[PDB]
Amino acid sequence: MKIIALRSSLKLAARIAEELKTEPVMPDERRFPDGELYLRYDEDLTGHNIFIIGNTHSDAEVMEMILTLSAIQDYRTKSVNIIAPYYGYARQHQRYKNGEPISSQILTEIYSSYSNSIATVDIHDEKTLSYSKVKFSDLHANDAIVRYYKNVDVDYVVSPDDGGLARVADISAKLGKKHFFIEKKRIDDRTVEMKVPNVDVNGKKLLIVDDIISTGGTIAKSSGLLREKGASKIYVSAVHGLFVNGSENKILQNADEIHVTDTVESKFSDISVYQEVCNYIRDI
């Protein structure tokens, strides 16, 4: 097997390759004077199962993935397998309203056209998996998150909204903890919060888990609610830590700690999903 480690995924890809006892093959990569992307893989990939590891979120990441999918055609490979730790454009994904692209559809079609399989960790909505002609697997960071928090004092695991429930239920079951979620809705300029079930959080230590942190708005609002009601400690975790300005500070206004995975590498990437990805690679 050959692991290809793209720019966005150097850390996780390196962790993966080390575990698999193989080279994290990196491209030579630069921009031409006119801004066009150049890539080169001088290693002979002929006859190998190839695992390309890189995110598909930014314009540059998409170009790096597409150009890599062309570059490796220089070799008669055994298979080509895309693993995008964080999959871009899975922000639904459908049309609302009309004349909007189903971006994850066309992008998934493209990727699927040039690969034998695709996988990602905790896609934002599973409908997107259906857009692939090849098998598109949804891996989960649950076990890695459970491993991290097994040695932490937690009273409840909490979803910030009424959608990340299955993940919170599974993680809490694995930690042997109770769980609940917060429903937040805006009704005529005023905000209304419901806890479900209506757990008493006074003096309690809470682990809030979500799939993505972008602006941090959702998590920060929920942390503030819980701190207000007397939560004694709030840990914030997510799979994909995008942290667009200035999400970190909004969240730490009321949360004590932030721990996300290495799907998107940042200073808060304390939890690695390499084992989960290695399992997939081993079983593919």
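Numbering starts at 1 and runs along the sequence shown.
- The question of which stretch, 155-163 or 89-97, has the higher mean Cα B factor is settled in favour of 89-97.
- When 187-195 is weighed against 78-86, 187-195 comes out higher, by mean CA B-factor as recorded in the entry.
- As recorded in the entry, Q253 carries the highest CA temperature factor of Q253, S70, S237, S58.
- Which of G54, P27, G35, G216 has the largest Cα B-factor in the deposited entry comes down to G216.
- Among the modelled residues of its chain, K177 has a C-alpha B-factor that falls in the lowest third, as given in the PDB entry.
- In the PDB entry, a CA B factor belonging to the middle third of its chain's modelled residues is recorded for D143.
- When the modelled residues of the chain are ordered by C-alpha B-factor, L39 sits in the lowest third.
- Annotation for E126: C-alpha temperature factor in the highest third relative to the rest of the modelled chain, per the entry.
- In the PDB entry, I50 places in the middle third of its chain by CA B-factor.
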